[PDB]
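Enquirer:
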Ligand SMILES: *[C@@H]1O[C@H](CO)[C@@H](O)[C@H](O)[C@H]1NC(C)=O
Ligand SMILES: *[C@@H]1O[C@H](CO)[C@@H](O)[C@H](O)[C@H]1NC(C)=O
Ligand SMILES: *[C@@H]1O[C@H](CO)[C@@H](O)[C@H](O)[C@H]1NC(C)=O
């Protein structure tokens, strides 16, 4: 009978979490993925001029 | 005429001064009657109330 | 305020208590500093006279008694809660000056 599942492993990381006006998480930034998201995490801004 | 004040506007700002006022934006909540709000207001969720 | 049912405590940027849900009555009651304001006293100098006026910061001249301790403080302080010499400025409500 056709079914599938996925197994992944967690890791101690730093995340930047965005909350909307409704109180739900709509986007996240991995602070240790790439230098762009790392700069977004340190500057605490999802955008950057 | 661009730099002199005109009687058409309620304020005495000129055309150049009106453009300078509109080109300044605030990253914080502005100083406009902010204690008229934050009292008896349902939407008391902003930076200048807090 | 629109409250998610799977939440109990609402906070602000400063991590203080902003909105809470009463477990008995399901209504949203906002935790606020109880009608605060700023007081600055304007005087012409004690060498001339003892008459003074009080300036309230940014508040209206209508909710000034429910902001100040109108029901708690002494009548000497309560002559400045309301009176005939009430003027509304952009900086706030001024009491004492004509
Ligand atoms: C937020 O909640 C309101 C009220 O239920 C809803 O209309 C809206 O679609 C929700 N999402 C956004 C992004 O505003
Ligand atoms: C008891 O608590 C429930 C919970 O919401 C409330 O609906 C009810 O009115 C309370 N009864 C009394 C007598 O306080
Ligand atoms: C408070 O003062 C402002 C500014 O004059 C006015 O627009 C507003 O109607 C006043 N509110 C009350 C309740 O008096």
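Chains as they are written, first to last, in my numbering: chain A, 699 to 747; chain B, 1106 to 1155; chain C, -3 to 94.
Here a beta-carbon is modelled for each residue, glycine too, at the ideal position from N, C-alpha and C.
1. Nearest chain B C-beta to residue 10 of chain C closer than 8 Å, yes or no?
2. State yes or no: is the beta carbon of residue 1149 of chain B nearer than 8 Å to at least one beta carbon in chain C?
3. Using three-state DSSP, classify residue 21 of chain C as helix, strand or coil.
4. Please state whether DSSP places residue 55 of chain C in a helix, a strand or coil.
5. Residue 94 of chain C CB to nearest chain B CB: under 8 Å?
6. In this structure, how does DSSP classify residue 1124 of chain B when only helix, strand and coil are distinguished?
7. For chain A, check one thing: does any of its Cβ atoms lie closer than 8 Å to the Cβ of residue 69 of chain C?
8. For residue 715 of chain A, which residues in the same chain have their Cβ closer than 7 Å to its Cβ, ignoring the five residues on either side in sequence?
9. Quick one: measure Cβ to Cβ for residue 30 of chain C and residue 57 of chain C, integer angstroms, because I've assumed they're closer than 8 Å.
10. Classify residue 702 of chain A: buried if its beta carbon has 16 or more other beta carbons within 10 angstroms, exposed otherwise.
11. Does the beta-carbon of residue 19 of chain C, which I'm using as the reference point, lie nearer than 7 Å to any heavy atom of ligand 2?
12. I'd like to confirm something about residue 716 of chain A: is its beta-carbon nearer than 7 Å to some heavy atom of ligand 1, or not?
13. Closest to residue 3 of chain C by CA distance: which of C:16, C:65 and C:86 is it?
14. Assuming residue 91 of chain C contacts residue 49 of chain C (C-beta within less than 8 Å), just tell me the rounded distance between them.
15. Do residue 53 of chain C and residue 36 of chain C count as a contact pair if the criterion is CB distance below 8 Å?
16. Do residue 24 of chain C and residue 5 of chain C come within 8 Å of each other at the CB atom, strictly closer than that value?
Expert: Here's the rundown:
1. Output row for residue 10 of chain C: interface = yes.
2. yes
3. coil
4. Look at residue 55 of chain C here: in three-state DSSP terms it is coil, with no helix or strand label.
5. no
6. Three-state result, residue 1124 of chain B: helix.
7. It does not: the Cβ of residue 69 of chain C has no partner Cβ on chain A nearer than 8 Å.
8. 723 and 726
9. About 19 Å separates the two Cβ atoms, so there is no contact after all.
10. exposed
11. yes
12. no
13. C:16
14. 7 Å
15. It is a contact, given that the beta carbons lie within the stated cut-off.
16. no
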